Amino acid sequence: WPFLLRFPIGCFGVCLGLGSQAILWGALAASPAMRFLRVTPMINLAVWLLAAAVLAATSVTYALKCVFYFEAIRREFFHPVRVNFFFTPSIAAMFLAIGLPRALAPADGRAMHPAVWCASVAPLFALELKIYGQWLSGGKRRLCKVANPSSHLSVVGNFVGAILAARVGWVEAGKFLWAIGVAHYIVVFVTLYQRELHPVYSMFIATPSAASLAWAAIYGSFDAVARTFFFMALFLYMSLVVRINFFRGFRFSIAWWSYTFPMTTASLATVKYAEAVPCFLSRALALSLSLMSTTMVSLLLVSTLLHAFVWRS
Amino acid sequence: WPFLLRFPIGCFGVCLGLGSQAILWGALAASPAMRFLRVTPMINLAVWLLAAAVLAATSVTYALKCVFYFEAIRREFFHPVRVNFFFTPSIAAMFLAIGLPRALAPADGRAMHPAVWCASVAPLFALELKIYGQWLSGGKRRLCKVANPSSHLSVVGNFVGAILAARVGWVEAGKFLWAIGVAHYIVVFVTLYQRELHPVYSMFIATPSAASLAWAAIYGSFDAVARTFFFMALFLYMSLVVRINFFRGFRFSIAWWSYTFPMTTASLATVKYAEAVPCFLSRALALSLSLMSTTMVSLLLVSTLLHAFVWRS
Amino acid sequence: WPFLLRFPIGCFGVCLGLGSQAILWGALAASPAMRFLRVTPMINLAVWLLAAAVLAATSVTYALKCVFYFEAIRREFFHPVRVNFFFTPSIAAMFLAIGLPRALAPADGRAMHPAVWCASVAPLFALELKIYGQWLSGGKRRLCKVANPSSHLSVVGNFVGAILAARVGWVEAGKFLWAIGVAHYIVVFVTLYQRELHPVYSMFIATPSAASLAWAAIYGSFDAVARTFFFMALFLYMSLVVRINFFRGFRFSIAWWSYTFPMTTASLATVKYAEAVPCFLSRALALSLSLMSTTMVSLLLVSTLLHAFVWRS
Ligand SMILES: CCCCCCCCCCCC(=O)OC[C@H](COP(=O)(O)OCC[N+](C)(C)C)OC(=O)CCCCCCCCCCC
Ligand SMILES: CCCCCCCCCCCC(=O)OC[C@H](COP(=O)(O)OCC[N+](C)(C)C)OC(=O)CCCCCCCCCCC
Ligand SMILES: CCCCCCCCCCCC(=O)OC[C@H](COP(=O)(O)OCC[N+](C)(C)C)OC(=O)CCCCCCCCCCC
Ligand SMILES: CCCCCCCCCCCCC/C=C/[C@H](O)[C@H](N)CO
Ligand SMILES: CCCCCCCCCCCCC/C=C/[C@H](O)[C@H](N)CO
Ligand SMILES: CCCCCCCCCCCCC/C=C/[C@H](O)[C@H](N)CO
């Protein structure tokens, strides 16, 4: 089949930015600050089922491509941009584990047995152990020659793994992942300021919002480090809507689907903050960012399921 | 008038380093550690009135230059060194707001109504949103080609705004400004170590002392992060008196007036520290740095008001 | 004597990595987590006496070389690699002060009179004030042209001095040294990621483990910053055994003696952690790293005292 050679690894962004929506809707349904919203816990279940189906689809499709044409993911893995998209097949699974619907989780049973944390973070941790080792000892694939805004996709995995580790109960593994995540977020942040794409340049917002969420999941509250990182993420989000006013052009692509993952985590951190600092301005900010990320995911969805059908119908 | 084209933006340093003295004298008059000093609260009022008069003078003079010869501040704004001096016309106003004399503040009235924070930090926050956005997406004005010791003047604004926000009561805006200030202080600090002027090379001390003061104003006490930043500032101050022994030469200029702003904030942070850790060695250190910054401001003043009169008398 | 001109400054690593073993054995004998180990406090005393004898030997030998052939340590000091080994003659003394045997310390007497902190950290602090000043104002010896993995030897001194300052009682000097240590560890860490030796490339582990130990000595417990730095050090240790599997080759040298100092501090931080978080996996990790660093020091020792005798016997 000649279709599989044209199947990209960036198609996992469609599932990343769609399973990160199940988490946001679960938060909006369970947060005791957005309780004026008469939101149902059924929306989270529907979005999560859609995300899991999409993940299974683009995972079996990619397993077929990897087992049939192995020279193709080798050309896709030795790229400066498309090597960081090999973390999304595991971040998209950690985002399904974190946002498991309450109606679907076993009642009066095991609270997310930690096997789902290991089985999902080990393939990310090994790839990260290789990439972070190449960032030093690499000759041609050193960080100073590869550093791009899509390099934040290697770091986000650590904070999402910390959230999942906090969920499963292993708090110390969460602290380990958060430490090795911030230690390299500092490096990437400083190395990207020395050295304009619309969708993928916005990964500057997904790493600090995730670092704020992971610290609030590990340690119970939003204790000034979650706040430091969240306010850094909010400034990076505010300084991004200003350059690209939102009128970049008629562009709706699979790469544009990784324009929703940073906005959704930045809308989730602010929901946690609005339930941590219950003002009116903070609640309105969380309600604005949430309805701004959700509507973009919705339009991308009704656009994709349109192009998909009007291909040859 | 041909005088206005030769009027520099760096003349706002004369007001920055003179309104930062009203704050130091207010601290020396109100700190319950320097109470052996029989200092009067009238010195703070006199210095603050002088600073406000100087600010009004060099602000009306600069408004006239900007509204008459607009091609001049365009040549002054597109400079690597003189673009960071566009933050001082607002930091010098925040330093008047923070150090309002107790005798002049309305008794039994509003405690610094937060309009003075917005009206004074908005023009700084917009310019900062533009500069920090250019540090990434700029072609010729990127940070790696502009980074100089005077680039710390973009960061100090955040910490001074955090102090003012803590004063007006909006603590969360203070935390926001402190977060977006430290996030870029790390970048500037690391980018200035890769790549010797006497007065302006000393901006390495004004940013950490201000970051220590802002954290102590936001959170009530001097809780180990104020201490980390203050000790970093003290080491940078100690490692500066050693290179330039203080005998750089017979040099007393308007650029030398931005040699007092870093020393004054580093003398203010140590007053806060001496009232936080009440030893003898700490009190003597605060009393040494205070009398070392104040005497330099005094000699610069009696030198400037001398050249000013002996021009043509 | 023609032998002295061939005497290297890196010979102080033999004492650094051997006096850092007295501390590890004292910890293993005094930690209330490794109490299943029937370890004796006599092993710490024996190792400390050996370390002090070696230090006196290679210090008198080097004083003779410095006072006889002064043109040689000038050629050794103006090197990019061998200028950072001028901190080890003081870190090796701070490691004797920190790990003084309990049987040898005066009972019911002064608790490490702080003169041993000043007399041992002043020669390090002056050299550090010079090197850190050159990292900015240097023309040919700037950091961007000198930064190598052995540059972490300038930073470790700060954290070891913080531990010693906490021991002697001067906690605020410890906080000062920790602040000026982390401020430059961030710089070195970020500047080494832009720009493979076996023994000296492993200094990436000695600085964060020491920064974790210093924060736990200053502030009583292992409070999440010690944990952040220790987990960063543990990841850097885990990502180092993987590249060099431990089979680099038949190499046992004086430079290989500075392959034990990072592993020993990383085995000491994990002993502190295992006494802070008393699980089984953490205790086994501390017992693994300890018996992995100690056996390497032991084999290096029985190898050195073999080559030394079989030279000409
Ligand atoms: C083993 C080689 C790797 C070394 C790094 C280990 C991480 C820190 C060790 C501390 C041990 C400890 O004591 O804590 C770790 C915890 C047990 O503690 P807890 O139940 O969470 O504490 C109590 C908190 N309650 C009360 C809330 C429950 O179990 C673990 O998560 C095991 C970690 C598995 C490996 C994690 C490494 C990360 C890479 C993932 C590879 C699959
Ligand atoms: C709005 C778009 C900008 C997004 C960034 C907002 C900052 C954080 C929001 C948290 C809201 C909150 O809940 O706190 C913010 C506080 C209200 O809380 P508080 O009274 O201080 O808490 C109680 C503490 N007491 C008990 C001590 C009093 O009000 C504000 O300062 C409004 C902030 C105005 C905008 C600040 C943005 C900075 C740029 C300046 C532009 C003029
Ligand atoms: C002097 C020019 C250098 C400026 C930097 C000074 C460091 C911070 C000053 C705070 C003073 C203070 O108040 O604390 C410092 C302490 C006294 O406090 P403490 O007993 O530990 O607190 C009580 C804690 N207990 C209750 C547990 C005991 O004494 C000192 O360690 C003096 C420091 C000597 C110089 C340190 C500079 C580092 C370079 C080393 C050069 C030899
Ligand atoms: C780039 C190398 C250094 C990387 C690390 C930089 C920052 C490390 C510490 C940041 C996170 C620690 C925040 C402190 C939290 C408090 O101590 C409380 N214990 C929170 O529980
Ligand atoms: C350059 C990218 C990362 C920038 C951020 C680096 C450091 C971020 C945290 C430093 C400040 C947090 C200090 C922690 C304070 C404690 O948690 C207490 N809650 C203080 O109230
Ligand atoms: C490179 C320039 C910036 C360097 C500093 C970066 C991090 C500075 C703060 C890290 C250490 C502070 C951790 C905070 C501890 C808590 O506030 C508690 N008070 C601990 O006692």
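Throughout, read-outs are computed from the coordinates displayed, never taken from laboratory work. Virtual Cβ from ideal backbone geometry, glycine too; neighbours counted across all protein chains shown.
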Seminar exercise, completed: One decimal, nm, nearest first: from C:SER137 to the same residue in each other copy, label points 7 Å out along Cα→Cβ, the values are 4.0, 4.0
For this session: Find how many whole Å separate the alpha carbon centroid of the range A:100-168 from the alpha carbon centroid of the range C:255-278.
Result: 26
Seminar exercise, completed: With the label set 7 Å along Cα→Cβ, C:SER303 is separated from its counterparts in the other copies, in nm and shortest first, by 6.1, 6.1
For this session: Using a Förster distance of 41 angstrom, determine the FRET efficiency expected from the C-beta separation of C:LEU104 and B:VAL241, and round it to 0.05.
Result: 0.50
Problem set entry | Karplus (6.51, -1.76, 1.60) ³J(HN,Hα), θ = phi - 60°, over the range C:64-77, in Hz, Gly and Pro reported as x | 4, 5, 5, 7, 9, 10, 7, 6, 7, 6, 6, 5, 7, 8
Exercise. Looking at this model, which pairs from C:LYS65/C:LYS130; A:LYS145/B:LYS140; A:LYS175/B:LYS175; B:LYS175/B:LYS272; B:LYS140/B:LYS175; A:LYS140/B:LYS145 are more than 27 angstrom apart at the alpha-carbon?
Worked result: B:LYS140/B:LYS175
Exercise. If each Cα of the range A:4-307 is one equal point scatterer, what is log10 of I(q)/I(0) from the Debye formula at q = 0.07, 0.08, 0.13 Å⁻¹?
Worked result: -0.24, -0.32, -0.91
For this session: Neighbouring Cβ atoms within 10 Å as the yardstick, rank A:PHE7, B:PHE3, C:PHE12 fewest first.
Result: B:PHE3, A:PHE7, C:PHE12
Problem set entry | Vicinal HN-Hα couplings computed from phi for the range B:234-242 (Karplus, 6.51 cos²θ - 1.76 cosθ + 1.60; Hz; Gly/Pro x) | 5, 5, 5, 6, 5, 7, 9, 4, 7
Exercise. What ³J(HN,Hα) values, in whole Hz, does the Karplus curve 6.51 cos²θ - 1.76 cosθ + 1.60 give for the range C:43-54 when θ = phi - 60°, with x put for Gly and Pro?
Worked result: 5, 4, 5, 5, 5, 5, 4, 4, 5, 5, 4, 4
Problem set entry | Average partner coverage of A:242-251, which counts Cβ from other chains inside 10 Å | 1
For this session: Considering only chain C, pick the residue with its Cβ nearest the axis of the rotation onto chain B, and state the distance in whole Å.
Result: C:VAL190, 3
For this session: Compute the Rg to Rh ratio over the protein assembly as shown from the alpha carbon atoms, using the Kirkwood formula for Rh, and round to two decimal places.
Result: 0.98
Exercise. How far is C:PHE36 from the same spot in each other copy, in nm, shortest first, if each label point sits 7 Å from Cα toward Cβ?
Worked result: 5.7, 5.7
For this session: Grab the alpha carbons of the range A:177-253, take their convex hull, and tell me the volume per residue in Å³.
Result: 115
Exercise. Points 7 angstrom from Cα along the Cβ direction at A:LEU281 and B:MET42: gap in nanometres?
Worked result: 4.0
